[PDB]
Every structure is written in structure tokens, then in C-alpha cells.
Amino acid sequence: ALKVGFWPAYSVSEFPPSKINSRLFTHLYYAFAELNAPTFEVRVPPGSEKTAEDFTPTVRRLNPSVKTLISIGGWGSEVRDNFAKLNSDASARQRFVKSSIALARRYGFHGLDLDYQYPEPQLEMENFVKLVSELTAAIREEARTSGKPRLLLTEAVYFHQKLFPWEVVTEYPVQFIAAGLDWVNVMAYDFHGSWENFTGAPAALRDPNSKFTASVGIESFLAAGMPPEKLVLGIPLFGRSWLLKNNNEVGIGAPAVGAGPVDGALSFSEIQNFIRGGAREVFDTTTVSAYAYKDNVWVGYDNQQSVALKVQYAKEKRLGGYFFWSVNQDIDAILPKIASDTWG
């Protein structure tokens, strides 16, 4: 049973690793190491070496049996473009594989994660396969030479097995992945947000009149032949916010006029403050989700109830477990506790 949390190093000032309740997790990820083009000598951001080093011993103080992984990449065009440059260059791939393994070992991480959004189109998937093929070979060789247990290898995946459901240009090679990776982190969120001019459930578990749901995505990996234990269901600890066109239209599907605070996203903790400050919270049973609104601000997120429901779902579907992005966004570890209690 995998209980996974992502900690972003950029949150270090407001939420250092010591604040993580690691008793609620089996694995904690450090996000993110840099690809560092053009050499592709992977590294943590220069000047953060101490933070990277202290991460694992720190989180193990509260839970000595917790394991850690370091994630390489992240979202955005720069990371995507750098993966694309890297994967097409055999020499660069060799430098990446060598430096990534060294990076994990340097700081005492138990594994590596690749966060590439996204390996499309077909050429990019094929070249990513080359990278992972070489990385897995090196991981096994490093275990034999060192006498240590091999590093874990995971990767972030789109909510759906096809890239993309509406226009398929490539797809995740599920048998390759099941063979080479310990698990995948399914990003079952950001289905809806301020890029749309209507409010919606940003991480809907299901929806009777929509294909953008966690369940539809999970079903697609399972249909493709992925062993269910290889799938780890992502749950956001943030919500997507909109500014309402009309303050008296406050339900799902209400017209909107742009991103709410802060640039279209609020942490769960910020959403708690929003409610304590007068916002009305609604649970939407149709989508298995929450939303909250006050004046012209509307936010959709996962709450205590929807998280319990999503974790039970993951158990029903026989998944490997769940992950949260990102742990700094729930300062009192409200949702990680509910999730851990639900699975146990």
C-alpha cells in the first residue's frame, strides 16, 4: 500500500521538510532536480544542496521507515523542451543516466522519478523509451556493482493512457512501463480550471456527462493492460479558482471571467482560510468533489469527504495507492490523515 507525498523545494521557506507529517506516508518525493541542459548533468538548483541532503534524514526522524525519491523535471515548456533535446541525443542520455543515479546516491534518496509533461508526439514517446531503457539498465548495473538495493524508478503520467483522449498522437507503453518502473504517478487532476469560462470540478472522480475524470483515466490504463498495483492515484492538495461572472450564479457550470487568486490556484490550507472567512463549502456528489465560494471567487478542490471517497475508490480498483501534490499545501496534514486512515 503506497502512500505518496510530493514536497516542492521552492516551498522551503514557508514549509521546510521538518513540517511534513511523514508518519502518514510510505514515500516522499523531493521536487525537482534540474535537467541542466546542455550538459544534462542533473543537479538540484545551485545553492540548495544542503536542503537536498537534509531532506531524507529530516523526514525519517518522524517516520524512520519512510523512503524518499528525487524527481527530475516538473511542468512547463522549458522542462518539456529540455526532455525533448535530451532524449534525441545518445551522448546526452548517457550523461543524464550517469548523473541521475549519482544524484540519488549523493543525497541518500531511495529512488528516482521522471516528471515529463508530456512525451508526445510519437517521436518523443519513442525517445523517452530510449532514455528509460538506458536508465533501468544502469540502475540494475549500479545495484550489482555497489551491493546496495537497486534504486526505485517511477514516472509521472497523464491522467489517461492516451496522449491525448481527443486526438491520439501517442500512448503510454504499458507493458514496457510495468516491466521497467516500480509504479507510475497518475496525475488525476487539472481536468478543469480558469482556462475554461465555466466553473467545474478540477479533479472529478466521475461525471455522467464528461470524459475528463479520474475514473475514466484509470480505466484507460487498466484497459491497456497495466497491472493495477503499478498505478498510484494522484489527489491534489490545491484547488483551481475562477472569478465569477455573476455573484448569484455559484454552482458548477456557473459562468466565469478569468483566474481567481492566486493565478488560478489556492492551497487546501488557503481554502480552509477562505471558508473560515465566510465562504460556503459545497460537496458535489455527482463529481465526488468540493467547491467553495464567496462574493466573486469560486474554488473547486478535494475536501475531507472527497479524499476519503477517492482513496476508497483506489482500494476498490486495486491500485498501488495514492499520491498528493503537494504536501506543503495542507499545513495541518488534514487530507493526508484521512487518506491514511481510509486505506488502513
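The first residue of the shown sequence is 1; numbering continues from there.
**Student:** Select between 258-266 and 227-235 the stretch whose C-alpha atoms have the higher average B-factor in the entry.
**Tutor:** The stretch with the larger mean CA B-factor is 258-266.
**Student:** According to the deposited model, is the average Cα temperature factor higher in 90-98 or in 268-276?
**Tutor:** Result: 90-98.
**Student:** Highest Cα B-factor in the deposition, which of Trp166, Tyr189, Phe83, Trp183?
**Tutor:** Largest recorded C-alpha B-factor: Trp166.
**Student:** Return the residue from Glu171, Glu124, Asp113, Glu78 that has the highest Cα B-factor in the entry.
**Tutor:** Highest CA B-factor of the listed options: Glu78.
**Student:** Relative to the other modelled residues of the same chain, rank the CA B-factor of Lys310 and answer lowest, middle or highest third.
**Tutor:** Within its chain, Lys310 is a lowest-third residue by C-alpha B-factor, going by the deposited values.
**Student:** Which third, lowest, middle or highest, does the C-alpha temperature factor of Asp302 belong to within its own chain?
**Tutor:** Lowest third - that is where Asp302 ends up once the chain's C-alpha B-factors are sorted.
**Student:** Just say lowest, middle or highest third for the CA B-factor of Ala292 relative to the other modelled residues in its chain.
**Tutor:** For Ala292, the deposited C-alpha B-factor lands in the lowest third.
**Student:** Going by the entry, which third of its chain does the Cα temperature factor of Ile334 land in?
**Tutor:** Its C-alpha B-factor belongs to the lowest third of this chain's values.
**Student:** Sorting by Cα B-factor within the chain, modelled residues only, which third would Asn209 end up in: lowest, middle or highest?
**Tutor:** Highest third, going by the recorded CA B-factors of the chain.
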